[PDB]
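K.L.:
Please read through the structure below; I'll follow up with questions.
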Amino acid sequence: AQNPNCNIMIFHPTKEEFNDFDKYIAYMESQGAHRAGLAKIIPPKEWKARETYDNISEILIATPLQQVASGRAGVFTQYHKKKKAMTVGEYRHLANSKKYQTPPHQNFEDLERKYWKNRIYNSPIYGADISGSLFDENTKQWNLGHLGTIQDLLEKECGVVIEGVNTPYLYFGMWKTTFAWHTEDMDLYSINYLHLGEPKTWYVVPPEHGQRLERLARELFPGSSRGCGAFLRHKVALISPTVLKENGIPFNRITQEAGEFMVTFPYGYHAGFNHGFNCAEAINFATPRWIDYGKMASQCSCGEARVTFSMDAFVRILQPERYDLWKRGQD
Ligand SMILES: O=C(O)CNC(=O)C(=O)O
Ligand SMILES: [Mg+2]
Ligand code: NI
Ligand SMILES: [Zn+2]
């Protein structure tokens, strides 16, 4: 078995290997990359996502989210308070202000320590989940707005045509902005490209061990667990590396820098934080190996999770028994 310890693998494709996205995902899996839940892909030196980032300041962040925490430093939830719209230029200035800027630090490890010690005492503002793309239309390789769609994959594997579309999202971050522990909707893959700015630290649990994280989470968030049989779908719970280590949960960590791709694999729980002002683009995707995970994916039916138009059809075709109850949640 390849990569039996489930370590995060880092790939350096050549320009010739970068032409065929599907084939390269399959190659990474042949080397065991999926066992970690997360892989890093450093593009060839010939490649570029676009020519410059000099003209992005007028993009609107219609609903910036202030991420307010409750709990203790290592075990907390966050809720998203909606703020007034602002441009990317206004958001960058805010991120760089004395109130929100990254503190002085020695290295990524010192910054990580400061994040876990102090995150709960601040409420950074995240420009998340903004439909759009920063890839130039002439970038032919690994262009996240030009991937094969998940609806087409389902049709190719299973023979059934379904409604729905699949488009990317932009994320503008600042110091301490946080992504809570989650897997993707319907346990899909994701791919994330860090266009510019400061790094993003990721934590991940191997897919084969995901239920261990779920059992810990039920213990640590006991009211939430009673409310919903899949409450990590709400994307609000944080658990620190120290707490995971104390409870024997297998995980790994890695820092993504500007110019790098990260891929999350089906049922790979992940969480993390931004080091300072940055912009990332991400989208979900599928492969033939995903279909069996999609059929088995948990779902939030308490109603909190409220998820894209296109998820309907995946539940309807892959999970017909659940269908009914799940759509009662979403209406
Ligand atoms: O970058 C973020 O805030 C969150 N991204 C992801 O969870 C992803 O790409 O799967
Ligand atoms: Mg602009
Ligand atoms: Ni994700
Ligand atoms: Zn729920």
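Counting begins at 1 with the first residue displayed.
This entry, so its header tells us, was determined using X-ray crystallography, 1.5 Å.
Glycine residues also receive a Cβ, built from the backbone N, Cα and C atoms like all the rest.
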K.L.:
Taking Swiss-Prot at its word that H182, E184 bind Fe cation, choose the one of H105, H146, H270 listed for that site.
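P.N.:
Candidate listed by Swiss-Prot for the same site: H270.
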K.L.:
Annotation polyADP-ribosyl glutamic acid in Swiss-Prot: match it to one of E16, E109, please.
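P.N.:
Record says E16.
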K.L.:
If I look at Swiss-Prot, which residue among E17, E214 would I find recorded as polyADP-ribosyl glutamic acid?
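P.N.:
Going through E17, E214 one by one, Swiss-Prot flags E17 as polyADP-ribosyl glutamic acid.
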K.L.:
Counting across all protein chains shown, how many other Cβ atoms sit within 10 Å of the Cβ of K235 (2-oxoglutarate binding site)?
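P.N.:
I count 17 other Cβ atoms within 10 Å of it.
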K.L.:
Around the Zn(2+) site (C228, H234, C300, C302), what further same-chain residues have their C-beta within 8 angstroms of the site's C-beta centre?
P.N.:
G227, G229, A230, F231, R233, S301, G303, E304, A305
K.L.:
Just to verify: the residue among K200, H234 with the fewest other Cβ atoms within 10 Å, which of the binding-site residues is it?
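P.N.:
Across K200, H234, these binding-site residues, the one with fewest Cβ atoms within 10 Å is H234.
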K.L.:
DSSP helix, strand and coil counts for the domain 'JmjN' (8-50)?
P.N.:
14 helix, 7 strand, 22 coil
K.L.:
Counting every protein chain present, what is the number of Cβ atoms, excluding its own, within 10 Å of the Cβ of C302 (Zn(2+) binding site)?
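P.N.:
By my count, 14.
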